[PDB]
K.L.:
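One structure coming up, written as structure tokens, with questions to follow.
One-based numbering along the sequence shown. Hydrogens, waters and symmetry mates play no part in the numbers below; they use all other heavy atoms, side chains included.
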Amino acid sequence: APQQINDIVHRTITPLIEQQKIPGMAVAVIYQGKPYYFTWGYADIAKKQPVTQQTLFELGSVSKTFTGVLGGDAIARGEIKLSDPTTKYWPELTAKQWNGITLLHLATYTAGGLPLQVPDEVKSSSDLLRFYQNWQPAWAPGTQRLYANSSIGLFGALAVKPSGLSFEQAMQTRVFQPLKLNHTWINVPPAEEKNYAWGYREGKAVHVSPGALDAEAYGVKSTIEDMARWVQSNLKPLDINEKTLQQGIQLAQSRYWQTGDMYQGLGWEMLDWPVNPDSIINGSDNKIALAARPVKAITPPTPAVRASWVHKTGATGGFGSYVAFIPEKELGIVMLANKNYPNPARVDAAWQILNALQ
Ligand SMILES: CC(=O)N1CCc2c(NS(=O)(=O)c3cccc(Cl)c3O)cccc21
């Protein structure tokens with residue numbers, strides 16, 4: 001732990017924890033390719049369990065980066081194409097509004113206004129079909145972006161259909177195991193519950209509740225060590241020996257759409273590096289419950305740009321996560337907390353640390 005990394009991390013994160021009243025936090029800095037770990041506070045306030053390097057956190061929407069990469073791996077295997085119509089993998093989706101909606105539109109929130117949340121009433125495979133059949137798009141496909149679990153969640157479910165595997169089994173076999181992410185889970189096994197932090201919402205200890213397409217949109221739990229390895233893998237995909245996984249990571253960092261200064265990948269979101277912090281700090285703010293934005297198609301998509309700020313925020317009811325990395329600098333950060341605190345404060349802290357080290 002070089003003193004420079006020690007000092008910038010502690011001097012940034014300690015006040016953040018105090019100001020946001022975060023119960024526990026884990027941070028990883030990847031510097032010239034090597035990981036350094038930091039932990040503070042409590043995974044379980046009532047049982048006085050500390051945050052360790054083995055503590056599991058709910059990633060929330062950072063799970064969408066795993067879904068994006070798994071989808072990219074299915075593309076690279078030749079099992080799906082992003083230009084495929086949605087109905088090719090779900091022929092029972094016969095309602096006419098689905099003509100022209102491709103897997104690309106699902107993966108990038110551009111199908112025409114799919115809603116942020118799958119309704120709680122939707123549980124079964126037949127409930128899900130009925131929900132997507134009755135959905136009425138506000139817009140033509142490929143014209144506006146509206147961030148949505150029901151969009152990328154359906155992409156993940158359809159992307160694994162030609163493989164025959166369940167989504168969880170495909171994610172394990174094709175992403176977690178090859179990358180040695182051995183403490184990363186869609187469902188936390190009983191053997192690992194001692195390490196599963198509680199989330200904290202309004203002072204109450206909480207875990208994410210089951211929901212339709214939860215595994216695909218917000219369902220991953222992981223340790224700070226496994227998340228650092230995730231960042232290392234996305235920083236240098238060519239060091240990965242599995243060929244389709246290498247390509248799938250590269251596809252998830254391709255630029256498909258532009259809105260303002262932001263480019264939409266598969267799960268990942270990107271900006272040109274160097275970034276103005278206020279373009280990301282205000283650009284990811286989740287004070288807005290619904291933000292509809294016109295998109296410009298990038299025709300054809302730009303392959304993964306090493307001179308990028310690649311990032312993703314994530315939340316559940318009781319957790320708040322952030323990942324950002326800069327491929328050209330071999331630099332990255334992971335911030336895992338068991339409180340859902342404001343996104344601008346995450347990005348500001350991450351920028352203060354990475355800017356100091358670049
Ligand atoms: C208060 C509460 O209960 N929350 C907040 C977030 C969340 C998720 N995660 S999410 O829908 O995919 C998501 C939406 C929007 C933005 C982000 Cl960054 C995000 O991860 C799942 C279940 C409950 C809750």
Side-chain angles (χ1 to χ4, degrees), residues 58-75 79-90 93 98 101-119 122 128-129 131-132 135 137 139 141-161 163 166-168 170-171 174-175 186 208 211-220 230 234 248-249 251-257 259 262-270 284 286 289-293 295 297 301 310-316 321 323:
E58 289 171 9
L59 302 183
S61 286
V62 168
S63 309
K64 296 175 173 66
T65 68
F66 291 93
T67 300
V69 168
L70 183 65
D73 172 84
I75 299 157
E79 296 178 337
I80 65 172
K81 306 192 310 293
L82 289 176
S83 50
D84 282 335
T86 297
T87 50
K88 173 169 189 203
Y89 303 98
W90 208 0
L93 204 59
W98 287 92
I101 294 179
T102 67
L103 294 183
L104 170 72
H105 296 133
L106 297 180
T108 57
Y109 324 118
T110 52
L114 281 166
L116 171 58
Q117 298 128 317
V118 179
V122 178
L128 208 56
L129 176 59
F131 161 71
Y132 285 112
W135 162 73
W139 318 304
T143 61
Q144 304 197 37
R145 176 188 184 276
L146 183 66
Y147 186 75
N149 291 336
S150 71
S151 191
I152 188 170
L154 179 56
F155 170 78
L158 300 183
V160 300
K161 276 189 175 349
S163 82
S166 74
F167 182 82
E168 174 179 36
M171 187 68 77
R174 294 177 169 193
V175 178
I186 288 163
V208 64
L213 299 174
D214 56 2
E216 296 85 348
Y218 53 87
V220 177
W230 185 233
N234 280 268
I249 291 178
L251 299 175
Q253 284 179 51
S254 296
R255 306 179 172 188
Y256 297 91
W257 307 92
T259 172
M262 186 259 285
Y263 302 92
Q264 183 63 59
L266 314 179
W268 293 113
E269 294 160 21
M270 291 82 47
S284 318
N286 254 340
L290 175 166
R293 286 291 289 279
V295 282
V310 190
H311 71 161
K312 188 73 188 79
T313 65
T316 62
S321 65
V323 174

K.L.:
Spell out, as yes or no, whether a donor-acceptor pair under 3.5 Å connects the side chain of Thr86 to the backbone of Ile101.
P.N.:
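Here the side-chain-to-backbone pair exists.
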
K.L.:
Would you give the length of the straight line joining atom CD1 of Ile249 to atom CG of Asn234, rounded to the nearest 0.5 angstrom?
P.N.:
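If I round to the nearest 0.5 Å, the distance is 5.0 Å.
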
K.L.:
Evaluate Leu103 against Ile75 for side chain to side chain contact (heavy atoms under 4.5 Å, CB included), listing each step before the verdict.
P.N.:
CA-CA 11 Å; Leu103 294 183; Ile75 299 157; over 6 Å; no

K.L.:
Not counting sequence neighbours, list each pair that qualifies as a salt bridge (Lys or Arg N to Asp or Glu O under 4.0 Å) and has a residue in residues 145-154.
P.N.:
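For residues 145-154, and leaving out neighbouring residues, the salt bridge (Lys or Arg N to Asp or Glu O under 4.0 Å) pairs sorted by first residue read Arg145-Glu269.
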
K.L.:
Sequence neighbours left out, what passes side-chain hydrogen bond (donor to acceptor under 3.5 Å, both in side chains) with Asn149? Give chain and number order.
P.N.:
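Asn149 satisfies side-chain hydrogen bond (donor to acceptor under 3.5 Å, both in side chains) with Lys64 only.
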
K.L.:
What is the distance from atom OG of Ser163 to atom CG of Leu70, rounded to the nearest 0.5 Å?
P.N.:
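Answer rounded to 0.5 Å: 8.0 Å.
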
K.L.:
Measuring from atom CG of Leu158 to atom CG of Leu93, what distance do you get when rounded to the nearest 0.5 angstrom?
P.N.:
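CG of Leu93 is found 8.5 Å from CG of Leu158.
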
K.L.:
Do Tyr256 and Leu251 touch side chain to side chain, with heavy atoms closer than 4.5 Å?
P.N.:
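Yes, their side chains come closer than 4.5 Å.
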
K.L.:
Between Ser63 (side chain only) and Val220 (backbone N and O only), is there a donor and an acceptor less than 3.5 Å apart?
P.N.:
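Yes.
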
K.L.:
Please round to the nearest 0.5 Å and tell me the distance separating atom CG of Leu146 and atom CG of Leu116.
P.N.:
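One gets 7.5 Å once the value is rounded to the nearest 0.5 Å.
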
K.L.:
Determine whether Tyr147 and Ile152 make a side-chain contact, defined as any pair of heavy atoms from C-beta on separated by less than 4.5 Å.
P.N.:
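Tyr147 does not reach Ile152 side chain to side chain.
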
K.L.:
Taking all heavy atoms of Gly71 and all of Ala159, pick out the closest pair and write down the distance.
P.N.:
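Scanning both residues, the minimum pair turns out to be CA-CB, 4.3 Å.
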
K.L.:
I need the minimum non-hydrogen distance between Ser284 and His311, along with the two atoms involved.
P.N.:
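Closest approach of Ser284 to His311: OG-CE1, 3.4 Å.
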
K.L.:
Would you please name every residue forming a side-chain hydrogen bond (donor to acceptor under 3.5 Å, both in side chains) with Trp90, sequence neighbours left out?
P.N.:
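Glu92.
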
K.L.:
Within the distance-only criterion (no hydrogens, no angle test), does the side chain of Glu216 pair as donor or acceptor with the backbone N or O of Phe167 below 3.5 angstrom?
P.N.:
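Not a single qualifying donor-acceptor pair exists.
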
K.L.:
Check the pair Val118, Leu128 against side chain to side chain contact (heavy atoms under 4.5 Å, CB included), reporting the backbone distance first and the verdict last.
P.N.:
CA-CA 9 Å; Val118 179; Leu128 208 56; 4.3 Å; yes

K.L.:
How long is the span from the CD atom in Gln264 to the CE atom in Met270, to the nearest 0.5 Å?
P.N.:
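Between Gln264 CD and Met270 CE, I get 7.0 Å after rounding to 0.5 Å.
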
K.L.:
Mind listing the closest non-hydrogen atom pair of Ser61 and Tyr218 along with its distance?
P.N.:
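For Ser61 and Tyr218, the tightest heavy-atom pair comes out as N-CB, 4.3 Å.
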
K.L.:
Taking all heavy atoms of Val160 and all of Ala170, pick out the closest pair and write down the distance.
P.N.:
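For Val160 and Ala170, the tightest heavy-atom pair comes out as CG1-CB, 3.8 Å.
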
K.L.:
Looking at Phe131 and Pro119, what are the two nearest heavy atoms and their distance?
P.N.:
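That would be CE1-CD, 3.5 Å.
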
K.L.:
Check for a donor-acceptor pair, side chain of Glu168 on one end and backbone N or O of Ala215 on the other, with a separation under 3.5 Å.
P.N.:
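No.
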
K.L.:
Taking side chain to side chain donor-acceptor pair (under 3.5 Å) as the cut-off, I'd like each qualifying pair that reaches into residues 105-119, sequence neighbours left out, listed once.
P.N.:
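Pairs touching residues 105-119 that pass the test: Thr102-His105, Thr108-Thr110, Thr108-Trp257.
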
K.L.:
Only counting residues at least two apart or in another chain, list the ones meeting side-chain hydrogen bond (donor to acceptor under 3.5 Å, both in side chains) with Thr259.
P.N.:
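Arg293.
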
K.L.:
Ignoring hydrogens, what is the shortest heavy-atom contact between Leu106 and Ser151? Give both atom names and the distance.
P.N.:
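In this case the closest contact between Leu106 and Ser151 is O-OG, 2.7 Å.
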
K.L.:
Quick check for you: to the nearest 0.5 Å, what is the distance between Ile80 atom CD1 and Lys161 atom NZ?
P.N.:
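Result: 12.0 Å between the selected atoms.
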
K.L.:
Taking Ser150's backbone N and O only, do any of them form a donor-acceptor pair with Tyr132's side chain (distance below 3.5 Å, no angle check)?
P.N.:
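Judged by distance alone, yes, a pair lies under 3.5 Å.
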
K.L.:
Looking at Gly113, is its backbone amide N or carbonyl O close enough to the side chain of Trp135 to form a donor-acceptor pair, meaning the two atoms are under 3.5 Å apart?
P.N.:
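Flag set: sc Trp135 to bb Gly113 pair under 3.5 Å.
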
K.L.:
Can you list the residues that meet the side-chain hydrogen bond (donor to acceptor under 3.5 Å, both in side chains) rule with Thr65, with sequence neighbours excluded?
P.N.:
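Residues passing side-chain hydrogen bond (donor to acceptor under 3.5 Å, both in side chains) with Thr65: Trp230.
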
